[PDB]
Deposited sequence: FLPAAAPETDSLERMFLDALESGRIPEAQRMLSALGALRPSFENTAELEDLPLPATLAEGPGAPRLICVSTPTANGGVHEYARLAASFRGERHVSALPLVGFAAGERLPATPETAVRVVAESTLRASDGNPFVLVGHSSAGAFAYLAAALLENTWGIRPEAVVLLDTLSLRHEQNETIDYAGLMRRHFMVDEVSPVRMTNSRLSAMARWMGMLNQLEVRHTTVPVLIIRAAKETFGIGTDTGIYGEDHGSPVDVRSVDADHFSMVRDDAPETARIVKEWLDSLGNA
């Protein structure tokens, strides 16, 4: 609930936010990219001291447990799934995972497969040998889907399901299908109290993680998959997909679905989860 410190005048955050405010998206992006390129990398998860650590956000008797993956945004983190987890308090366990590289002097993944890999392992630590559902908002969805598929292919472990909260793509290829530019504006122009500053490490991590979306290795997971679509933004999956993929609509936008319209989203997730 407590606000992080406001951005200073000379801060990267402010310069960044001012650039978005004044519609200078490409320039802001190029700064991020140039900054992100200086960050040090890691190629294997063994080169990591410890794996990112999960935050428990709700506890409960059970069903499958919910493991949420943070969005690769500079203001992202475990706190992003707290309202959502509030609707599950006392019913089931809900964790969230930070992404590696957003905390100062964490190295970033060197490659998209390493990125998927670290999310997958850290998802496993969080499962603690239980049966789990991977959740991911927006592009965290893409990392959740693909981490499910990596778990299946290389460790023969299988989530009960994967939930995508308005995930718009996997690779997020910049190609006119969606205003990616306007979505970035809207995200960072959302008006709420964040518990984190957009540090230089978090902004450079965002660039690196977002930059890897375009080069992700696409891989199928057989486990069931729920896409909750947000109706305020506005028959592709059947028997021929090779696995069940359901699409539910929610009366919410992309942002409101994990915020004020979160309890709807949670309930659509509950309904679906037990109908499995």
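Peer 1: Where does the structure fail to cover the deposited sequence at the C-alpha level?
Peer 2: Several stretches lack coordinates - namely 235 to 241, 284 to 286, in sequence order.
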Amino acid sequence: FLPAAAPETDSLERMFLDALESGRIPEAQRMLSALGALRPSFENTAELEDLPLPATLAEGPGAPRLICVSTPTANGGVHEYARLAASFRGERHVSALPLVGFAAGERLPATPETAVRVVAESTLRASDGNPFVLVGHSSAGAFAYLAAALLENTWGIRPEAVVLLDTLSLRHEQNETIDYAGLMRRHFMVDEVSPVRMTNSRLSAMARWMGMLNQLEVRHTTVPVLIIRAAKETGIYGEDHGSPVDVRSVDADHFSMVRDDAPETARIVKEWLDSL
From here on, numbers count along this sequence of modelled residues.
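Peer 1: Which is higher on mean Cα B factor in this entry, 114 to 122 or 154 to 162?
Peer 2: Higher of the two, by average CA B-factor, is 154 to 162.
Peer 1: With respect to the recorded C-alpha B factors, which stretch has the higher mean value, 126 to 134 or 140 to 148?
Peer 2: In the deposited entry, the stretch with the higher C-alpha B-factor mean is 126 to 134.
Peer 1: Highest Cα B-factor in the PDB entry belongs to which of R39, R30, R248, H220?
Peer 2: Comparing C-alpha B-factors across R39, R30, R248, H220, the top value belongs to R248.
Peer 1: Specify which of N200, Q174, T71, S194 carries the largest Cα B factor in the deposited PDB entry.
Peer 2: Within the set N200, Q174, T71, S194, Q174 shows the top C-alpha B-factor.
Peer 1: How does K232 rank on Cα B-factor within its chain, lowest, middle or highest third?
Peer 2: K232: CA B-factor falls in the highest third of its chain.
Peer 1: Can you work out whether the C-alpha temperature factor of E106 puts it in the lowest, middle or highest third of the chain?
Peer 2: It belongs to the middle third of the chain when residues are ordered by C-alpha B-factor.
Peer 1: Is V100 in the lowest, middle or highest third of its chain when residues are ranked by C-alpha B-factor?
Peer 2: For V100, whose C-alpha B-factor we compare with every modelled residue in the chain, the answer is the lowest third.
Peer 1: By the recorded C-alpha temperature factor, relative to the other modelled residues in its chain, which third is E13 in?
Peer 2: For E13, the deposited C-alpha B-factor lands in the lowest third.
Peer 1: Please say which third, lowest, middle or highest, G76 falls into when its CA temperature factor is compared across its chain.
Peer 2: Its C-alpha B-factor belongs to the lowest third of this chain's values.
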